[PDB]
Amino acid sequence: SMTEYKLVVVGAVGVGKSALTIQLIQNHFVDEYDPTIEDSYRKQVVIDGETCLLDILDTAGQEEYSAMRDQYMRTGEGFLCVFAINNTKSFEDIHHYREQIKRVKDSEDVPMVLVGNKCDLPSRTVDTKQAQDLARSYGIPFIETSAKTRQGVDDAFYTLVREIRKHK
């Protein structure tokens, strides 16, 4: 049977966690905002010649439940850390999620990918260079995406699988 990868998508409310995941799984985008409680998805893919199963946990951004993330962080193998390039606050919130994952897993070596979503939008407030520098400071890849145009969507998830692969 094929290797399964437990991916978790995290980030502030409205950054595009669900829109990214539903583009991956269903190949469609809607501008409507349906706030997530918690959703799980499965998808078979081929990455660098190798077939595998993505088990994706799409989490809630709600800060009021920030104390209920520990179990899914323990269980997850890799994390897609999403902010929106037109929302400076979501970029600040990113540092918090990374520190929280590191603390909960008790490791400096957690597979993750920094994702700057909504790159189709003109109202950009977070510079490409800002995110590359943060990613570099973390030792993780940075990918620009648009759930709306599909730019970078596969690449973001597939890169995260590569990060998990190198860790194992």
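Residue positions are given as counts along the sequence shown, with the first one as 1.
As the entry records it, the average C-alpha temperature factor is higher for 94-102, out of 74-82 and 94-102. For the pair 103-111 and 51-59, the mean Cα B-factor is higher in 103-111. Which of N27, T128, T36, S40 has the largest Cα B-factor in the deposited entry comes down to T128. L7: CA B factor in the lowest third of modelled residues in this chain (values from the PDB entry).
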